[PDB]
There are 2 protein chains.
Amino acid sequence: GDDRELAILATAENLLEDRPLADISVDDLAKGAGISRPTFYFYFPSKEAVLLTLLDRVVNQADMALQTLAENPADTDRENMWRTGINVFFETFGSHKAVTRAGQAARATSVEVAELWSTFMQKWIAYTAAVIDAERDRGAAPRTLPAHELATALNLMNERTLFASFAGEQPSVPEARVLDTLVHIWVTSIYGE
Amino acid sequence: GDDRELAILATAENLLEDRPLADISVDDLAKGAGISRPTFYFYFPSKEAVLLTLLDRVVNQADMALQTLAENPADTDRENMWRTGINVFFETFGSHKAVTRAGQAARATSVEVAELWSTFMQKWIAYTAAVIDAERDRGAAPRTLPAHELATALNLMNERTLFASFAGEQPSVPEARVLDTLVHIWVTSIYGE
Ligand SMILES: O=C(NCC1CCCC1)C1CCCC1
Ligand SMILES: O=C(NCC1CCCC1)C1CCCC1
């Protein structure tokens, strides 16, 4: 039931650590999950749908963790408030690098992967701009750029820079320095006049 | 000679405006260039090599334009100096959107596209950090983050945000606002304490 399905998801996340989706077959997923090939098709329509579900779970997990933070103001300065919010994405996607990397490569070929990522990016950007606007209304941040365009560039910087660090791309910020690097650019660009 | 080769490059840039590389055939390139299929193979080994050359030309054109700017200090404030430097990439890649978009999609499948992009990104990042370090030595910028990690995140923010605007992705900064948006984040993060 849920257990056959979880096994197929866990097998897929395991195999994605060692190779691309294109080198994984339904048979591989089935075997690792302990079921036949036609039994697999009962739970998912294809290997692509397995990645879609893995991505959907990671993205919802980041999203629920951000909602938790939002409902629960951490008792600290502005710099540390931004750091804890960015750290949701650093720790959540950072704990699922193979899925992130496969989900990235799938954006170009899968409309459902592209729209899932786009829906949540819009949600996180709107939340970011709502926080910047709140900061400006309270007199803590100056009215510089439109809050929504600034939120957009900052979230896209994080998407690209986090990914680069997790993949070890050249060039990339080392993964042990990427949080401090991003928090500095967010705080100076939000609070700086 | 150069003219058959230029015609093939121009045909490819034309067709890439209306469809992906995967929907363009060697025959298409040949016909549009006025030559046969086997004659095409004399000039390039495949359609992929045609895109590689198109990308190589655009990237060298941005690079030569930045070198021109670097040797020729524009007589203006710090904000406008950064804006003119970013504008090299905005205008150069902005004038070749179909090639940019195809070159992006090819990074995932072509090692030569991946290494060309990576070589020049490292060069532009090193140049950026050299300028930040010069600014700090002169007392114009404070010593905050390591100049090279800050250069890295800013260049990756621009890569991702420029591309998003040129492709009209959702989310993206509108193309008429993307320069001001990026110059603000660069200036506040470089000069802000
Ligand atoms: O780090 C990121 N966003 C920062 C947050 C601060 C508060 C809410 C958004 C992006 C990385 C990829 C998706 C979102
Ligand atoms: O805009 C960019 N770099 C800004 C420049 C300011 C001075 C030299 C680098 C990136 C976009 C894609 C490649 C580089």
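All heavy atoms count here, side chains included; hydrogens, waters and symmetry mates do not. Both counts, for ligands and for their atoms, begin at 1 and track the order of listing. A note on names: the letters A, B, ... follow the listed sequences, proteins ahead of strands, and every chain is numbered from 1.
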Between B/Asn87 and B/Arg83 (side chain of the first, backbone of the second, donor and acceptor by atom type, cut-off under 3.5 Å), is there such a pair?
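Checking the backbone N and O of B/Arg83 against the side chain of B/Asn87, no donor-acceptor pair under 3.5 Å is found.
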
For the side chain of A/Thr161 and the backbone of A/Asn158, is there at least one donor-acceptor N/O pair under 3.5 Å apart?
no

Atoms in ligand 1 flagged as close to A/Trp124, the criterion being non-hydrogen separation under 4.0 Å
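Listed by number with element, the hits are 13 (C), 14 (C).
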
Proximal atoms of ligand 1 relative to A/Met121 (non-hydrogen, under 4.0 Å)
13 (C)

Atom 1 (O) of ligand 1 has as its nearest protein heavy atom A/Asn158 ND2, 2.9 Å

Of the protein's non-hydrogen atoms, which lies at the shortest distance from atom 8 (C) of ligand 1, and what is that distance?
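That would be A/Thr128 OG1, 3.6 Å.
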
Between A/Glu159, A/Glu112, A/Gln122, which is the residue that forms a side-chain hydrogen bond (donor to acceptor under 3.5 Å, both in side chains) with A/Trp117?
A/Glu159

B/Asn155: numbered ligand 2 atoms lying under 4.0 Å from its heavy atoms
2 (C), 3 (N), 4 (C), 9 (C), 10 (C), 14 (C)

Do any nitrogen or oxygen atoms of A/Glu159 come within less than 3.5 Å of a nitrogen or oxygen of ligand 1?
no

Please work out, at 4.0 Å between heavy atoms, whether the side chain, the backbone, both, or neither of A/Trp186 comes within that distance of ligand 1.
side chain

Please say whether B/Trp117 places an N or O atom under 3.5 Å from an N or O atom belonging to ligand 2.
no

More than 12 heavy atoms of other residues, nucleotides or ligands under 6.0 Å from CG of B/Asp75: yes or no?
no

Any idea how B/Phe89 and B/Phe93 line up, ring-wise: parallel (<30°), tilted (30 to 60°), or perpendicular (>60°)?
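Parallel, since the angle between the ring planes stays under 30°.
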
Taking the side chain as every heavy atom from C-beta outward, state whether A/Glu169 and A/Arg160 have any atom pair closer than 4.5 Å.
yes

